[PDB]
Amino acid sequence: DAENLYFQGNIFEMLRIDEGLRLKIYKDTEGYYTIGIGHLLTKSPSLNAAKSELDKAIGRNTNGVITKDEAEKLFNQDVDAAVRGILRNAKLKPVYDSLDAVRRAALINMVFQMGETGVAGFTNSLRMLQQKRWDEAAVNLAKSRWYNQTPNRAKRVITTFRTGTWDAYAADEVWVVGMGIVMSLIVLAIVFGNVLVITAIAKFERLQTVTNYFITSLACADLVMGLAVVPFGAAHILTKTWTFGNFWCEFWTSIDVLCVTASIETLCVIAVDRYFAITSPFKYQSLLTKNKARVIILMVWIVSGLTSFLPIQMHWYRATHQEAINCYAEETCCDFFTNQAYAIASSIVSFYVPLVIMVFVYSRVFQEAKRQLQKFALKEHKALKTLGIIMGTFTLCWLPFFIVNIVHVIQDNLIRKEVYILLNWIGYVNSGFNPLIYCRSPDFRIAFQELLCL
């Protein structure tokens, strides 16, 4: 066939899209215990019975958790069993033979879902498919219980029957590269921006201030963010797996936590710094020197290191459940599993405390600005909008994640992994958003223009 380019029309990818891959035992929309790629264990409400059937199917004590290999094997077994189920049946086979490969895959999909007998139950629909009346069968299949229980999937299967093409599944592959280029743009923006900032502060002598000494730290954290964390994360998501080993996996995770913590805590330090610089400038200039500021930076990076490399490299962050053990054992797995202790501690240190301090400090500024030696002009509005951006961007980017990060560790399976990763990346873009917020000074402007010779 000479076909080796992405997305070949078949039943396996279609079912992968319609079902999804979940290694731990879950409940479908109906309520039956399902595992892997749409593999029905049992109709019994008891989880122990499901574990029994699973252990019998696999051939070992799985504790409700199977590996990728076993999941794929079960998937293929169920597909082949569905096909043989079609061929054995007297109502399914005459229809199956009189279908193109695509519609054949649609039928195999239906049988894979609701079983041989169930699909054979569809007398009128199969009769219509047999006489090649695709649209009538499309209308008819939408009047079943199957369309009411799982409408999103039923629509795709029905559309596949009607059109005879992979239109309902072809669009799904576009979003992959579609978001890949977005990730690329993110990396480019972060790296370029932060490198520009660091270069600006390091090269020019007029940008050698304490505030800028903190900005340097923030830009460094965001730089290592855009160089190590974000690209490897993008590769991890796009390629579906991890090809660097457990050591580099946990090392990458360590870099992640370290950089995020250092970034946010540096934001906090900047907030406090500006508070003292604005409220009591004469004391701020005398007390806070460059050495003391560098000591502050060192302390922040130390605290960030204690909440990143220390617990992770020592495997203190590790969970105890079976899936976590399997992923830690698997060299190609780099999924993130933690206990309540590390999740809560890291969330409090990295985000929540700096959040509280920043809110309190900026509120102190906004409140103390109203009690100076002074008509509701435009300057106060502009300043309020400025701080609105400063706190607004940070909150909008990092709050939804650390909330989710604290909930997904309390009640199990309330937040889907997609949302977790997504919000984590919405946290990631803040690293790129920072150089646009903390570098708007005239000196920074002149530096930025002179650097690239605009």
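Residue indices: 1-based, along the sequence shown.
* To do: Could you tell me how many residues of the deposited sequence sit unmodelled between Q374 and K375 (none, 1 to 3, 4 to 9, 10 or more)?
  => Gap size class: 1 to 3 residues without coordinates, per the record.
Report task. State which stretch shows the higher mean Cα B factor in the entry: 307 to 315 or 256 to 264. Result -> The recorded data point to 307 to 315.
Review point. Comparing 147 to 155 with 193 to 201, where is the mean C-alpha B-factor higher?
Key: The recorded data point to 147 to 155.
Highest Cα temperature factor in the entry, among the options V65, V419, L414, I37: which one is it?
Highest C-alpha B-factor among the listed residues goes to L414.
Choose from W175, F244, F112, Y352 the residue with the greatest Cα B-factor as stated in the PDB record. Checking the PDB record, the top C-alpha B-factor among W175, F244, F112, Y352 is at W175.
Ordered by C-alpha B-factor within the chain, which third holds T42? Give me lowest, middle or highest, please. Its C-alpha B-factor belongs to the highest third of this chain's values.
*Comparing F366 with the other modelled residues of its chain, is its CA B-factor in the lowest, middle or highest third?*
Its C-alpha B-factor belongs to the highest third of this chain's values.
Position of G388 among the chain's modelled residues by C-alpha B-factor, lowest, middle or highest third: For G388, whose C-alpha B-factor we compare with every modelled residue in the chain, the answer is the highest third.
Item checked: B-factor third for the C-alpha atom of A168 within its chain -> Ranked within chain, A168 CA B lands in the highest tercile.
If you rank every modelled residue in this chain by C-alpha B factor, which third holds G427: lowest, middle or highest?
Within its chain, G427 is a lowest-third residue by C-alpha B-factor, going by the deposited values.
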